[PDB]
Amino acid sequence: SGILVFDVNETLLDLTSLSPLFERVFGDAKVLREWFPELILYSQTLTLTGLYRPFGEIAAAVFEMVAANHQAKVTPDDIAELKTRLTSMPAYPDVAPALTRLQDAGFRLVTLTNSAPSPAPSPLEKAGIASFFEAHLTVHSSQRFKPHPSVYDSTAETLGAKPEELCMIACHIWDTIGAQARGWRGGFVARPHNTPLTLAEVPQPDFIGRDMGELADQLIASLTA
């Protein structure tokens, strides 16, 4: 039926689980929505400039920076808590039912994440959904972050798959744009506070769902339309 390659953070696992840490350190949980794009921005800046550090290290550095920008104190305990929380986000309730449907419809399922590999158990193992997936890939061997073409190309290579056989699924349009630029299909799943960017001359996702159930409806529909 094709191979569905899922983004992990925010797409499958719930980033708002970090909210309490932002509430405590900044007095405002909404600082999550400043820190996260800053983290992605710097991941892309390192990639454009030929530099690489593991995603969690960038996450901690950007947390310190945003703290400094707010004049908020950060302790080693805070940084350790950021690491623990970022590697233990729970799956959204809609994920396991959608993956069950997609597997039963014949799709092969893979993950692809900016996060560096961890010892077992991985965040997806902890969250109880790792067993849906036949492969768990990361940007770490590429030493480049999404949406660099190397990330998607090395993924297709590892899977022995052609771009026509692949669909990138994410709640970040920058990740779907990344994969579609390499000839893959793209599927966008809305998560709270994640809606698609629309811009002229930038390809739209092939599939768009307001949640994972709705995205799976569209994917399954496309098998026989």
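We number the residues from 1 along the sequence you see. By rigid core we mean the largest C-alpha set that fits within 1.5 Å across both forms.
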| item | value |
| --- | --- |
| Which of 24 to 32 and 194 to 202 strays further in 4 other deposited structures of this protein - Cα RMS after rigid core alignment | 194 to 202 |
| Mean C-alpha B-factor comparison - 138 to 146 and 69 to 77, higher one | 69 to 77 |
| Stretch with the higher entry mean CA B-factor, where the candidates are 107 to 115 and 127 to 135 | 127 to 135 |
| Most elevated Cα B-factor in the entry, residues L48, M168, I40, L197 | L197 |
| Most elevated Cα B-factor in the entry, residues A190, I177, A29, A59 | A29 |
| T11 - which third its CA temperature factor falls in, relative to the rest of the chain | lowest |
| Position of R185 among the chain's modelled residues by C-alpha B-factor, lowest, middle or highest third | lowest |
| Chain-wide C-alpha B factor ranking for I173, given as lowest, middle or highest third | lowest |
| Assigned third (lowest, middle, highest) for the C-alpha B factor of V5 | lowest |
| Chain third (lowest, middle, highest) by recorded CA B-factor, residue given as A221 | highest |
